[PDB]
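*Asks:* Before I ask anything, let me first share the structure, which is written out below as structure tokens.
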Amino acid sequence: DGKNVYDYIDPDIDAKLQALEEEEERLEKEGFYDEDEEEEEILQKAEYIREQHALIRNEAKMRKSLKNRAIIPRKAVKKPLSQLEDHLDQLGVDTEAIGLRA
Amino acid sequence: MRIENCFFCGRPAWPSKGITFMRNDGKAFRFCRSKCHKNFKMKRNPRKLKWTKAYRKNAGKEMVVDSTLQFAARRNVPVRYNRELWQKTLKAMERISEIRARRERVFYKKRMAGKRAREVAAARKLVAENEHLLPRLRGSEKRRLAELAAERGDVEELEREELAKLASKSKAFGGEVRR
Amino acid sequence: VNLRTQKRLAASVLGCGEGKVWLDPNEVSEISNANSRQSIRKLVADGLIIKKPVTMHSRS
Amino acid sequence: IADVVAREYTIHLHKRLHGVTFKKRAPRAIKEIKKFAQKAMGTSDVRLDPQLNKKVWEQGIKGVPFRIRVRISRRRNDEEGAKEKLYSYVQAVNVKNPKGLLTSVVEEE
Amino acid sequence: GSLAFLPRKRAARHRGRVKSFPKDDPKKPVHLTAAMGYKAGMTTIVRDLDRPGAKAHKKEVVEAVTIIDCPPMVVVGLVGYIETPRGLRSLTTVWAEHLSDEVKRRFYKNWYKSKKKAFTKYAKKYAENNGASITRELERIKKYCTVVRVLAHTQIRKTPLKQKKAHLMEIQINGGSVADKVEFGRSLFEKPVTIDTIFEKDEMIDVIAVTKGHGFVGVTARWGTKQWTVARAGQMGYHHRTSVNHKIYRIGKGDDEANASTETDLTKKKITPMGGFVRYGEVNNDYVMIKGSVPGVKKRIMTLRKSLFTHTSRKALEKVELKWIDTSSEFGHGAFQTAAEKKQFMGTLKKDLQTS
RNA sequence: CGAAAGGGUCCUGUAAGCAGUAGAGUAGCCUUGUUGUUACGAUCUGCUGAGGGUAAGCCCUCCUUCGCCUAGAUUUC
RNA sequence: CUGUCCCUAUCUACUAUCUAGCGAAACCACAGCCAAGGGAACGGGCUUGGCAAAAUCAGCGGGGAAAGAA
Ligand SMILES: [Zn+2]
């Protein structure tokens, strides 16, 4: 198993072995090897926050473009009621407020 | 035949595997591969490069003091062949190997003891200063619930029930333009 | 529809380059129907022909 | 089974663009995405979103990402006597990391 | 270049033919001549040499060996030949019960769309008491034939390749009377033959294959340069070759679970490298590990046959004392024989801690 | 059979971010500092043989997931 | 060190298989497989031998080019 019998051969090796198992028994007796909800949910919340950060970074880099392209201003472009209502109720906005508008 | 150890990195230098270099001082440099050979020829320091056993034992990433580690040694005064001695040596090899593995597991865990504390503290900070990005409900949902909770006689539990259901259960880019 | 004429007239009336004039993709039919510098001014007022801002040239 | 169906895939553009000429990695990536959708949904009429095109061309012509996560939706093409009855529209989906995601069918409801 | 291998045409058939079987004399016992296999790759061995007269005597020498996976070979036919003024002629052939789907795939080209109707009337010719006809064919072989061969096919189903089509060949029977060898073949119908029953250890043999193709290659690499004897440009490679005198060092049983173990390294491991044979896979069957290189690409069909003549070198009489077998990854500059060795060397990892 | 995924194997060399008065240095508070404070901060260490890539001519798959399939065109004793 | 050679680096110039479409020119008696003989350092058709099987693709290093004589 990748080990040299020549390196590990030693006369009077029974004493060394017996010392080794005696030391092990001491170690388990002592506790050298004794293995010992809110945290899970807070970690889950943090992971969701990180996912949202990645998503918003992806949207930003998606809209960014590479080298200084002149873009149409928001006040010039027009946006649909479906998109506005969707975004608002994703943030949690009651939608009977909008509807007449334009 | 002997399983040599690479001078630069320490992985087993098996026969027919690698190149050895002979300095004029009179002692030989055995390398296990071309990576190690080229690194030594460029005179980089194995004690400094972080993929070497030298770095692991200098930064304390591997145990250096253990009776399991003093069983291993090159032997300079040879012994006579003895069948029972060799067989008991084989069995001792097995026992020492499993003991070393299990103590190595303990060493790794004792080193990487504190992980949950730091991760959970980072989670508290992330939640505390990113309160607004936490899983929200949805207007139509909240509204709908109110009607169904009115039907079933409960609003609060119905909320934190579906808040879970939806959390247990991605956005595309753009959409079809009508032709 | 071919809108080279509308592009040129819109640039001329807006006092900008042909790379700075923007025609509404959804209203190519109305832009094509517009073929005078009064109709193109009407479209500019209505928001279908838009002059883009200058490219960012941050100096800091 | 259904004629109209949307399913989410991951494409190993690294595997389909190993060795390709640097000034062609992006157009060959578009062609390979088209062929992948054609094989997956069995439709010769494949249309890629302009935002998918920008996603492919994000890092220039020679900087095509290794793996892309897309959603392919096969719908009916009504038109008027069209040569094919079904067409596949391919969109890019916003994912934290395009690894570890299996193929999943997305629900319209 | 060479004026012997000059029609530098590509081999007409991908399998390769024996073209010469060892001369037959009835005094020897009844035996088969050749076998097949599939190339897997090469590994490294060290051998305690016992060669009087060489400076490498009583020492360890690093040596290169090649692996050929050889699953058991199914015997399905017997061909009887007659001797005529125009040469050898196939008098007649006798097949067997229940030819396998792999040999039927060999018979067909478009197997998927075909109605798999091969040897149906032959199966009826057995099962419907026309055993009289089959026996009369056997007695015709016994009475009129002088050279008898056995139709044998390999098991691609066991060999780890995408292919599913078997490989038939005629393996000559030697050492006995025609009646004795016909009885041998008939008794050998529908039973696999094992490579340790065809060859054994330390026997210098001959390997027939098709050497790798390179396409249209210029004279610089075609002839090693700085009428028909002038170096020309054309097809180099994909050439039928019969390389002689290759000592088989080991026959691994496949099911031993310790195929790569020698008496000096008590390591329970198989021949398959750590991570598998590159571009081939795993050798899970009986394997032939042979000294030196062998013509052909990995996973290519091979033909292993006995030497046509008795040997003249001490090299064939030599016994081989293996010491260790290389198992490290061929996918790069590996250094670990087993996953257990790698784990013990590198300790535990972040993924191990997170999984456990 | 195909695409993903998981594991194995090989290549590189220790990711982003955070923390420790470890940290050479840069400045304010009040008065003397014998241990004064408050902020910024190269660099270091830990998290981390981690992160990234892995067949395009690598390997394996127990229900690892999803999909496909008995075609359509020609010719022949 | 050199009025010497070769290799590496850079620049300049010429260097390119198949499919869709477009699409010449040079040159052309008719042809084109070899060996011996065909007095006139002459053979490509003749004698008599070798032989000799449709239709094509690519490579090409051979032939289809040479004197006139004091
Ligand atoms: Zn090394």
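Letters for chains follow the order of the structure tokens (A, B, ...), residue numbers begin at 1 for each chain, and ligand numbers begin at 1 in the order shown.
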Would you kindly return, as a list in words, each protein, DNA or RNA residue with an atom no farther than 7 Å from any atom of segment 47-58 of chain C, considering only C-alpha atoms (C1' of nucleotides) and excluding same-chain residues fewer than 2 positions away?
*Replies:*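 Returned residues: residues 68, 69, 70, 71 and 72 of chain A; 20, 21, 22, 23, 24, 43, 44, 45 and 60 of chain C.
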*Asks:* Can you pull out every residue with an atom within 7 Å of ligand 1? Use only C-alpha atoms (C1' of nucleotides) and all ligand atoms and format it as a ChimeraX atom specification.
*Replies:* /B:6-11,31-33,36
*Asks:* Please, what distance in Å, to one decimal, runs between atom CA of residue 34 of chain D and atom CA of residue 101 of chain D?
*Replies:*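 These atoms are spaced 20.8 Å apart.
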*Asks:* Where does DSSP see strand (DSSP E or B) in chain D, if you list the residues as an MDAnalysis selection string?
*Replies:* chainID D and resid 5:12 46:48 67:76 86:94 104:105
*Asks:* Only N, CA and C atoms, please: the residues just picked out, written as an mmCIF file, in the first residue's frame.
*Replies:*
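File written: out-v4.cif
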data_model
loop_
_atom_site.group_PDB
_atom_site.id
_atom_site.type_symbol
_atom_site.label_atom_id
_atom_site.label_comp_id
_atom_site.auth_asym_id
_atom_site.auth_seq_id
_atom_site.Cartn_x
_atom_site.Cartn_y
_atom_site.Cartn_z
ATOM 1 N N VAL D 5 -44.013 22.741 -24.881
ATOM 2 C CA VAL D 5 -43.322 22.410 -23.643
ATOM 3 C C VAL D 5 -42.073 23.265 -23.532
ATOM 4 N N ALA D 6 -41.784 23.726 -22.320
ATOM 5 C CA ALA D 6 -40.585 24.504 -22.050
ATOM 6 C C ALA D 6 -39.717 23.753 -21.054
ATOM 7 N N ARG D 7 -38.441 23.588 -21.394
ATOM 8 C CA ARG D 7 -37.508 22.859 -20.550
ATOM 9 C C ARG D 7 -36.188 23.615 -20.464
ATOM 10 N N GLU D 8 -35.525 23.480 -19.322
ATOM 11 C CA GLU D 8 -34.311 24.230 -19.032
ATOM 12 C C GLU D 8 -33.100 23.317 -19.147
ATOM 13 N N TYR D 9 -32.104 23.757 -19.908
ATOM 14 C CA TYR D 9 -30.901 22.981 -20.151
ATOM 15 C C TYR D 9 -29.653 23.796 -19.843
ATOM 16 N N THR D 10 -28.532 23.087 -19.764
ATOM 17 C CA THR D 10 -27.207 23.682 -19.675
ATOM 18 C C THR D 10 -26.373 23.173 -20.842
ATOM 19 N N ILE D 11 -25.709 24.090 -21.535
ATOM 20 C CA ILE D 11 -24.938 23.781 -22.730
ATOM 21 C C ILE D 11 -23.467 23.991 -22.404
ATOM 22 N N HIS D 12 -22.650 22.990 -22.736
ATOM 23 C CA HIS D 12 -21.202 23.021 -22.531
ATOM 24 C C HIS D 12 -20.556 23.579 -23.791
ATOM 25 N N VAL D 46 -35.724 27.451 -35.088
ATOM 26 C CA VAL D 46 -35.244 27.854 -33.774
ATOM 27 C C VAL D 46 -34.949 29.346 -33.815
ATOM 28 N N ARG D 47 -35.418 30.065 -32.802
ATOM 29 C CA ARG D 47 -35.219 31.502 -32.695
ATOM 30 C C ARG D 47 -34.607 31.822 -31.340
ATOM 31 N N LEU D 48 -33.481 32.526 -31.354
ATOM 32 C CA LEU D 48 -32.758 32.869 -30.141
ATOM 33 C C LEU D 48 -33.055 34.310 -29.746
ATOM 34 N N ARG D 67 -20.167 27.472 -19.916
ATOM 35 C CA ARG D 67 -21.446 26.787 -19.807
ATOM 36 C C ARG D 67 -22.542 27.835 -19.738
ATOM 37 N N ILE D 68 -23.625 27.629 -20.482
ATOM 38 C CA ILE D 68 -24.743 28.565 -20.476
ATOM 39 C C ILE D 68 -25.996 27.823 -20.036
ATOM 40 N N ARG D 69 -26.831 28.488 -19.243
ATOM 41 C CA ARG D 69 -28.094 27.912 -18.793
ATOM 42 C C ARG D 69 -29.223 28.613 -19.531
ATOM 43 N N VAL D 70 -29.982 27.850 -20.312
ATOM 44 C CA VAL D 70 -31.008 28.403 -21.181
ATOM 45 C C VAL D 70 -32.324 27.673 -20.933
ATOM 46 N N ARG D 71 -33.402 28.288 -21.409
ATOM 47 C CA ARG D 71 -34.737 27.708 -21.386
ATOM 48 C C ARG D 71 -35.236 27.651 -22.819
ATOM 49 N N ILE D 72 -35.595 26.457 -23.279
ATOM 50 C CA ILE D 72 -36.053 26.237 -24.642
ATOM 51 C C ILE D 72 -37.538 25.925 -24.581
ATOM 52 N N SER D 73 -38.340 26.695 -25.309
ATOM 53 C CA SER D 73 -39.791 26.559 -25.285
ATOM 54 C C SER D 73 -40.273 26.234 -26.692
ATOM 55 N N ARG D 74 -40.840 25.044 -26.871
ATOM 56 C CA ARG D 74 -41.469 24.682 -28.133
ATOM 57 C C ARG D 74 -42.943 25.060 -28.074
ATOM 58 N N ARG D 75 -43.378 25.876 -29.036
ATOM 59 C CA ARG D 75 -44.741 26.385 -29.182
ATOM 60 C C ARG D 75 -45.252 26.076 -30.589
ATOM 61 N N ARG D 76 -46.542 26.340 -30.828
ATOM 62 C CA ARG D 76 -47.116 26.196 -32.161
ATOM 63 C C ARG D 76 -46.768 27.426 -32.984
ATOM 64 N N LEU D 86 -44.364 23.636 -35.512
ATOM 65 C CA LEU D 86 -43.828 23.941 -34.196
ATOM 66 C C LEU D 86 -42.526 24.716 -34.337
ATOM 67 N N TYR D 87 -42.278 25.610 -33.384
ATOM 68 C CA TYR D 87 -41.044 26.384 -33.376
ATOM 69 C C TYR D 87 -40.520 26.469 -31.952
ATOM 70 N N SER D 88 -39.199 26.559 -31.826
ATOM 71 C CA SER D 88 -38.548 26.588 -30.525
ATOM 72 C C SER D 88 -37.902 27.946 -30.303
ATOM 73 N N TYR D 89 -38.287 28.608 -29.217
ATOM 74 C CA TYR D 89 -37.705 29.881 -28.815
ATOM 75 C C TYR D 89 -36.783 29.635 -27.632
ATOM 76 N N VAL D 90 -35.565 30.161 -27.712
ATOM 77 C CA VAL D 90 -34.527 29.894 -26.725
ATOM 78 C C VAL D 90 -34.218 31.190 -25.991
ATOM 79 N N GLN D 91 -34.276 31.144 -24.661
ATOM 80 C CA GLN D 91 -34.045 32.307 -23.819
ATOM 81 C C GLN D 91 -32.951 32.007 -22.805
ATOM 82 N N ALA D 92 -32.317 33.061 -22.305
ATOM 83 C CA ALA D 92 -31.344 32.916 -21.234
ATOM 84 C C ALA D 92 -32.012 33.167 -19.891
ATOM 85 N N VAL D 93 -31.670 32.345 -18.903
ATOM 86 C CA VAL D 93 -32.263 32.456 -17.579
ATOM 87 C C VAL D 93 -31.206 32.958 -16.606
ATOM 88 N N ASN D 94 -31.663 33.731 -15.628
ATOM 89 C CA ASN D 94 -30.786 34.335 -14.633
ATOM 90 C C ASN D 94 -30.537 33.322 -13.523
ATOM 91 N N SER D 104 -34.642 20.577 -16.021
ATOM 92 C CA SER D 104 -35.930 20.702 -15.358
ATOM 93 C C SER D 104 -36.952 21.278 -16.324
ATOM 94 N N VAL D 105 -38.194 20.835 -16.185
ATOM 95 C CA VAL D 105 -39.306 21.387 -16.947
ATOM 96 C C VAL D 105 -39.944 22.504 -16.131
#
*Asks:* DSSP on the backbone: what in chain D comes out alpha helix (DSSP H), as a list in words?
*Replies:*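 Reading the DSSP output for chain D, alpha helix (DSSP H) covers residues 13, 14, 15, 16, 25, 26, 27, 28, 29, 30, 31, 32, 33, 34, 35, 36, 37, 38, 39, 40, 41, 50, 51, 52, 53, 54, 55 and 56 of chain D.
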*Asks:* Could you work out which residues of chain E fall inside 9 Å of chain G? Count only C-alpha atoms (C1' of nucleotides), and format the result as a VMD selection string.
*Replies:* chain E and resid 227 230 to 234
*Asks:* Just want the 10 Å neighbourhood of residue 56 of chain A, counted on only C-alpha atoms (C1' of nucleotides), with same-chain residues fewer than 5 positions away dropped. Output as a list in words.
*Replies:*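 Surrounding residues, per the criterion: residues 50, 51, 61 and 62 of chain A; 94 and 96 of chain D.
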